[PDB]
């Protein structure tokens, strides 16, 4: 009956959790120095935590033969991964399985004879990686970041459409419907990942079943704010905090249940410091 519960999918998404796990496990039996190919995520504290364990964020090309290099969740072009192996590095591929699914999808579409449209941000490392995969399987295509970008694809009778894993649904729906009006045949493989949905649906499920909701994340964190607001409309008894320091004793008078979730940038140890600060109250 009685419960103080952490919402499933709280904090880091699947891919990042897995990348962190892979990094940590690489330290066991590492004969050389262990590097991530740049910082493993944009969270300085977590990058710092990993550095303290011996997982170093690479600056350039400083790793040498026998060192371990971990490919980030966004992946890299296949020829770059190959170049790293050729240097004698032990390569740990932490590319997100959802990202790998995009790699596979652009190759599938090429085999099926489609000109490929990748809906996403041109300069993004994930997109650059996927273009490398498209190239390697002898595919052709373009990145569509705004509606103006679709012109080249409209020259083709058969267009295959995929998404950057973090592509906004609204623009994706718009691109797909617009291209469909102009060309003979369109095939869409929806490669948008389910991370944000998973986190948010889980909060919607928990919030009406607890007395108070703690939503952890940066004050100015956009996605934590969304989580807060989703929780808020179901449970007016909802607090958005950054660290266990804010958990005020008075908030838990007469509560039998406490729900916790956290924004995409919050590591599990911060979620844990909050849990233990509450179990005290």
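Numbering follows the first chain given and starts at 1.
- A summary of the deposited B-factors shows that, of 1 to 9 and 272 to 280, the stretch with the larger mean C-alpha value is 1 to 9.
- Ranked by C-alpha B-factor against the other modelled residues of its chain, residue 100 falls in the lowest third.
- The entry lists a Cα temperature factor for residue 229 that places it in the middle third of the chain's modelled residues.
- When the modelled residues of the chain are ordered by C-alpha B-factor, residue 218 sits in the highest third.
- For residue 120, the recorded CA temperature factor ranks within the middle third of the chain's modelled residues.
- Residue 158: CA B factor in the lowest third of modelled residues in this chain (values from the PDB entry).
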